[PDB]
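J.: Chains as they are written, first to last, in full-length UniProt numbering: chain A, 238 to 345; chain B, 241 to 344; chain C, 238 to 345; chain D, 241 to 344.
Okay, handing you the structure first.
There are 4 protein chains.
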Amino acid sequence: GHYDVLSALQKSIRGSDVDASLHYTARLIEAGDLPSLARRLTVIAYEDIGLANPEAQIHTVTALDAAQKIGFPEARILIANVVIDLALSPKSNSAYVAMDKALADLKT
Amino acid sequence: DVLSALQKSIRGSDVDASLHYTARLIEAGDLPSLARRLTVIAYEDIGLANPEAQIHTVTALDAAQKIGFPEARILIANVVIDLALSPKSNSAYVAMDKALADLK
Amino acid sequence: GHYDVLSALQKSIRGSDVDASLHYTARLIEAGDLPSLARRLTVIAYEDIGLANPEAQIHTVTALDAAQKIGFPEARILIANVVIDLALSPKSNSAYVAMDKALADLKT
Amino acid sequence: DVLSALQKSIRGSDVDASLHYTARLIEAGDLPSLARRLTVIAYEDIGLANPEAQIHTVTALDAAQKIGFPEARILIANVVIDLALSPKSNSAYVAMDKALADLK
Ligand SMILES: [Cl-]
Ligand SMILES: [Cl-]
Numbered sequence: 238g239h240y241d242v243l244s245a246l247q248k249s250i251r252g253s254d255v256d257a258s259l260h261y262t263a264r265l266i267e268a269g270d271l272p273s274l275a276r277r278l279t280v281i282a283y284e285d286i287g288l289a290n291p292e293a294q295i296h297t298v299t300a301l302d303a304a305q306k307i308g309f310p311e312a313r314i315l316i317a318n319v320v321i322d323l324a325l326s327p328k329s330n331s332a333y334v335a336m337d338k339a340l341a342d343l344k345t
Numbered sequence: 241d242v243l244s245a246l247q248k249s250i251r252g253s254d255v256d257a258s259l260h261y262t263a264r265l266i267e268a269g270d271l272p273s274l275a276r277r278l279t280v281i282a283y284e285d286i287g288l289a290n291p292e293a294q295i296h297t298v299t300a301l302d303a304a305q306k307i308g309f310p311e312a313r314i315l316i317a318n319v320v321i322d323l324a325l326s327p328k329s330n331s332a333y334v335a336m337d338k339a340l341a342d343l344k
Numbered sequence: 238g239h240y241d242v243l244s245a246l247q248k249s250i251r252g253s254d255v256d257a258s259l260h261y262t263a264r265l266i267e268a269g270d271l272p273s274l275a276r277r278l279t280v281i282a283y284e285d286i287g288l289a290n291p292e293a294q295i296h297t298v299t300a301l302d303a304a305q306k307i308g309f310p311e312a313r314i315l316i317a318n319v320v321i322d323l324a325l326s327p328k329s330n331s332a333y334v335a336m337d338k339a340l341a342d343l344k345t
Numbered sequence: 241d242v243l244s245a246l247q248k249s250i251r252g253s254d255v256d257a258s259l260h261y262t263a264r265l266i267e268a269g270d271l272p273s274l275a276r277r278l279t280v281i282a283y284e285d286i287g288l289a290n291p292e293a294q295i296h297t298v299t300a301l302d303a304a305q306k307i308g309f310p311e312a313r314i315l316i317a318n319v320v321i322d323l324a325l326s327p328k329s330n331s332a333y334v335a336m337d338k339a340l341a342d343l344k
């Protein structure tokens with residue numbers, strides 16, 4: 238599943254570290270699991286970038302759905318655009334925090 | 241009617257209330273009906289005041305249905321906050337229902 | 238097929254006549270053929286608006302694909318946004334003309 | 241190689257030549273291969289210079305495959321002119337292949 242590498246990719250993007258983000262992405266492309274990489278990058282776009290740059294989510298979902306159809310090797314070019322966009326995007330996890338607060342606030 | 245309470249809260253630009261009713265609807269467990277209603281709200285209550293909100297809403301909700309819970313709640317949160325904060329218009333909805341009434 | 242009403246809708250949008258565009262759209266919604274209405278509005282977005290407003294095509298395809306899933310009656314609200322957008326959009330059919338010129342120019 | 245001639249014409253920002261090779265490819269009749277290549281060109285040759293071009297390209301080509309000919313040629317024309325006129329970047333492509341080479 239390469240969950241260790243997926244975690245390193247999320248930390249790299251959260252830390253706005255574009256060279257490390259591309260390195261961990263390269264390791265996942267060589268391993269060949271496009272579905273798990275597309276799923277994690279979609280979650281990162283909404284969790285870590287979120288409301289700071291809504292257009293990053295449009296470009297991420299569009300590229301990753303197209304990538305899963307095109308398949309490797311050409312899919313690596315679509316993924317490269319996504320990873321650079323997310324690593325160098327303004328970022329806010331406030332949507333994630335607000336959602337979990339609303340769930341915690343429900344009467345039990 | 242929790243879906244109608246969510247629509248009223250988004251129309252009123254009330255982020256905290258909108259997320260409260262969203263949390264209740266996530267726990268009630270009908271994602272298709274929540275997604276359908278948020279899509280309608282984006283075109284009915286935001287509409288021409290902020291067309292980008294419709295692209296954000298449809299993109300996030302289609303992706304949310306594909307990734308499922310638990311992560312779908314994060315995508316839904318982005319949609320609900322966007323719609324609650326967005327400028328508001330009912331002009332396209334009104335124009336359409338005026339034109340349909342004119343046929344009779 | 239209501240091809241007469243679909244033709245009147247295209248002429249209404251080409252002529253930037255928003256009230257006539259909504260009237261012909263209303264007639265097609267009452268008739269109930271969402272697929273034929275979605276197909277014609279997609280072609281109008283690329284043929285008549287085209288390169289003058291590329292974002293009109295993104296908003297049109299997004300709304301109409303969502304509409305065909307939601308179904309009437311709520312689909313009328315999505316379609317209303319599309320028809321007003323296209324009727325009041327800047328317009329150029331230059332992509333249509335250039336494509337047909339390139340086909341006519343091929344050696345035979 | 242007509243697909244490679246189309247890529248060279250788009251890279252050179254040559255609208256007339258790009259539409260010439262597109263017309264040849266439409267008549268040759270393989271829409272899936274033309275759509276795949278134009279999608280790759282949008283991310284490889286335009287890339288970060290104009291991200292909107294990728295949204296336009298994927299949206300139009302998916303719709304073109306769904307509506308078929310004859311109308312698909314109009315959607316394809318919008319894509320090819322957009323990519324030929326667009327600002328050009330290979331920076332994302334290069335960065336990705338540099339990172340993959342660094343693994344070895
Ligand atoms: Cl994951
Ligand atoms: Cl038609």
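The beta carbon of each residue, even a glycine, is placed where N, CA and C say it ideally should be.
Hey, would you say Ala339(A) sits closer than 8 Å to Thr262(B), going by beta carbons?
T.: Locating residue 339(A) in the first sequence gives position 102, where the first residue counts as 1. Locating residue 262(B) in the second sequence gives position 22, where the first residue counts as 1. Yes; because the gap between Cβ atoms is below 8 Å, this pair is in contact.
J.: Should the stretch 312 to 328 of chain C be regarded as contacting the stretch 241 to 261 of chain D, the criterion being three or more beta carbon pairs within less than 8 Å?
T.: Counting Cβ pairs under 8 Å, fewer than three are found: no touch.
J.: Counting only Cβ pairs nearer than 7 Å, list the residues of chain C close to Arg276(B).
T.: Counting from one through the second sequence, the residue named residue 276(B) turns up at place 36. Those within 7 Å of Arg276(B) in chain C are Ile307.
J.: At a CB-CB cut-off below 7 Å, which residues of chain A make contact with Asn290(B)?
T.: Translated into positions along the second sequence, residue 290(B) becomes position 50. In chain order: nothing, as chain A lies at least about 11 Å away.
J.: Is there contact here, the stretch 283 to 298 of chain C with the stretch 316 to 333 of chain D, by at least three beta-carbon pairs under 8 Å?
T.: Touching, yes, given that three or more Cβ pairs across the two stretches are closer than 8 Å.
J.: Alpha carbon to alpha carbon, what distance is there between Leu274(C) and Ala282(C)?
T.: Along the third sequence, one-based indexing puts residue 282(C) at 45. Along the third sequence, one-based indexing puts residue 274(C) at 37. Each residue's Cα considered, the two are about 12 Å apart.
J.: Please report the distance separating the alpha-carbon of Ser253(C) from that of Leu278(D).
T.: For the purposes of this step, residue 253(C) is taken as residue 16 along the third sequence, with counting starting at 1. For the purposes of this step, residue 278(D) is taken as residue 38 along the fourth sequence, with counting starting at 1. Rounded to whole angstroms, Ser253(C) to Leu278(D) spans 32 Å at the Cα level.
J.: I want to check one thing, is the minimum distance from the CB of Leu243(C) to the heavy atoms of ligand 2 below 7 Å?
T.: For the purposes of this step, residue 243(C) is taken as residue 6 along the third sequence, with counting starting at 1. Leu243(C): yes, Cβ under 7 Å from ligand 2.
J.: Cutting at 6 Å between CB atoms, please list the residues of its own chain near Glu284(B), excluding the five before and the five after it.
T.: In the second sequence, the residue the question calls residue 284(B) occupies position 44. Cβ neighbours of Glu284(B) beyond the five flanking positions: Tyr333.
J.: From the DSSP output, in three-state form, read off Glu292(B) for me.
T.: The sequence position of residue 292(B) within the second sequence is 52, counting from 1. Three-state result, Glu292(B): helix.
J.: CB-CB under 7 Å to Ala293(B), same chain, minus the five flanking residues each way: which ones, in chain order?
T.: Counted from its first residue, the second sequence places residue 293(B) at position 53. Here the set comprises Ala282, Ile286, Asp322, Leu323 and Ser326.
J.: Which chain C residues are close to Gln247(B), counting only those with a beta carbon under 9 Å from its beta carbon?
T.: By 1-based counting over the second sequence, the position of residue 247(B) is 7. The contacting residues do not exist; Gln247(B) stays about 12 Å from chain C at best.
J.: If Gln305(B) sits next to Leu271(B), beta carbons under 8 Å apart, how far is it from one beta carbon to the other, in whole angstroms?
T.: For the purposes of this step, residue 305(B) is taken as residue 65 along the second sequence, with counting starting at 1. For the purposes of this step, residue 271(B) is taken as residue 31 along the second sequence, with counting starting at 1. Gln305(B) to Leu271(B), Cβ: 6 Å. Contact.
J.: Going by C-alpha distance, which of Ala317(B), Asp337(B), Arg251(B) and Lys344(B) is nearest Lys328(B)?
T.: The count along the second sequence starts at 1 and reaches residue 328(B) at position 88. If we check each option's Cα against that of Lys328(B), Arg251(B) comes out closest.
J.: Count the other CB atoms, across all protein chains shown, that sit within 10 Å of the CB of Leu246(A); report buried if there are 16 or more and exposed otherwise.
T.: Mapped onto the first sequence, residue 246(A) falls at position 9. Burial call: buried.
J.: Could you give the residue range of the alpha helix (DSSP H) that holds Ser253(C)?
T.: Locating residue 253(C) in the third sequence gives position 16, where the first residue counts as 1. No alpha helix (DSSP H) contains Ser253(C), which DSSP labels as neither H nor E.
J.: Name the chain C residues whose beta carbon is nearer than 7 Å to that of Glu311(D)?
T.: Translated into the one-based positions of the fourth sequence, residue 311(D) becomes position 71. Residues of chain C passing the Cβ test: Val280.
J.: Which term fits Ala300(D), buried or exposed, when burial requires 16 or more other beta carbons within 10 angstroms of its beta carbon?
T.: Position 60 of the fourth sequence holds residue 300(D). Burial call: buried.
J.: Pull out every residue of the stretch 312 to 336 of chain A whose Cβ sits closer than 7 Å to any Cβ of chain B, in chain order.
T.: Going along the stretch 312 to 336 of chain A in chain order, one finds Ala332, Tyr333, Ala335 and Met336 with a Cβ nearer than 7 Å to chain B.
J.: What do you reckon, is the C-beta of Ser273(A) under 7 Å from a heavy atom of ligand 1?
T.: Within the first sequence, numbered from 1, the residue matching residue 273(A) stands at position 36. Within the cutoff, so yes.
J.: State the Cα-Cα distance for the pair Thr345(C) and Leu259(D), rounded to the nearest angstrom.
T.: Position 108 of the third sequence, counting from 1, holds the residue named residue 345(C). Position 19 of the fourth sequence, counting from 1, holds the residue named residue 259(D). So the two alpha carbons sit approximately 17 Å from each other.
J.: Assuming the contact rule is C-beta atoms closer than 8 Å, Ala335(D) and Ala317(A) should be a hit. Round their C-beta distance to whole Å, please.
T.: Working through the fourth sequence from its first residue, we reach residue 335(D) at position 95. Working through the first sequence from its first residue, we reach residue 317(A) at position 80. Rounded, the Cβ-Cβ distance is 6 Å, consistent with contact.
J.: Of the choices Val255(D), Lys248(D), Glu267(D) and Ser249(D), whose alpha-carbon is the least far from that of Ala341(C)?
T.: Here residue 341(C) is taken as the residue at index 104 of the third sequence, counted from 1. Nearest of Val255(D), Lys248(D), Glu267(D) and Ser249(D) to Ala341(C), Cα basis: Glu267(D).
J.: Can you list the residues of chain B that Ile295(A) reaches, using a CB-CB cut of under 8 Å?
T.: To locate residue 295(A), count along the first sequence from 1; it is residue 58. The contacting residues are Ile295, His296 and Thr299.
J.: If you measure beta-carbon to beta-carbon, which residues of the stretch 252 to 269 of chain D are closer than 8 Å to chain E?
T.: You won't find chain E in this structure, because its protein chains are A, B, C and D.
J.: Which same chain residues, not among the five before or five after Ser249(C), have their C-beta less than 6 Å away from its C-beta?
T.: For the purposes of this step, residue 249(C) is taken as residue 12 along the third sequence, with counting starting at 1. Correct list, in chain order: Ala257, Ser258 and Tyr261.
J.: Should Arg251(A) be counted as a contact of ligand 1 given a C-beta to heavy atom distance under 7 Å?
T.: Within the first sequence, residue 251(A) is the residue found at index 14, counting from 1. Checking every heavy atom of ligand 1 against the Cβ of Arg251(A), none is found closer than 7 Å.
J.: Does the beta carbon of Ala339(D) sit closer than 8 Å to a beta carbon anywhere in chain A?
T.: Position 99 of the fourth sequence, counting from 1, holds the residue named residue 339(D). Output row for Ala339(D): interface = yes.
J.: Alpha carbons only, please: which of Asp337(B), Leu343(B) and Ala303(B) is nearest the one belonging to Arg276(A)?
T.: Your numbering for residue 276(A) matches position 39 in the first sequence. Checking every option, the nearest Cα to that of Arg276(A) belongs to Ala303(B).
J.: Kindly indicate if chain D contains any beta-carbon less than 8 Å away from that of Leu343(C).
T.: In the third sequence, the residue the question calls residue 343(C) occupies position 106. Closer than 8 Å to some Cβ of chain D, the Cβ of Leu343(C) qualifies, so yes.
J.: Rounded to a whole number of angstroms, what is the C-alpha to C-alpha distance between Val280(C) and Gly269(B)?
T.: The residue given as residue 280(C) occupies position 43 in the third sequence. The residue given as residue 269(B) occupies position 29 in the second sequence. If I take the Cα positions, the gap works out to 38 Å.
J.: Can the beta-carbon of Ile307(C) be found less than 8 Å from the beta-carbon of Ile295(B)?
T.: One-based indexing of the third sequence puts residue 307(C) at position 70. One-based indexing of the second sequence puts residue 295(B) at position 55. No. Outside cutoff.
J.: Using a Cβ-based criterion (distance less than 7 Å to any ligand heavy atom), does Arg264(A) qualify as near ligand 1?
T.: Looking up residue 264(A) in the first sequence gives position 27. Incorrect: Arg264(A) has no Cβ contact closer than 7 Å to ligand 1.
J.: Who are the neighbours of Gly287(C) on chain D, taking C-beta pairs under 7 Å?
T.: For this step, residue 287(C) is matched to residue 50 along the third sequence. Chain D residues near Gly287(C): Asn318.
J.: Can you tell me whether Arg276(C) sits near ligand 2, meaning its C-beta is under 7 Å from at least one heavy atom of the ligand?
T.: Here residue 276(C) refers to the residue found at position 39 of the third sequence. Checking every heavy atom of ligand 2 against the Cβ of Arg276(C), one is found closer than 7 Å.
J.: By DSSP, does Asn330(B) sit in helix, in strand, or in coil?
T.: Within the second sequence, the letter at position 90 stands for residue 330(B). If DSSP states are grouped into helix, strand and coil, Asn330(B) belongs with coil.
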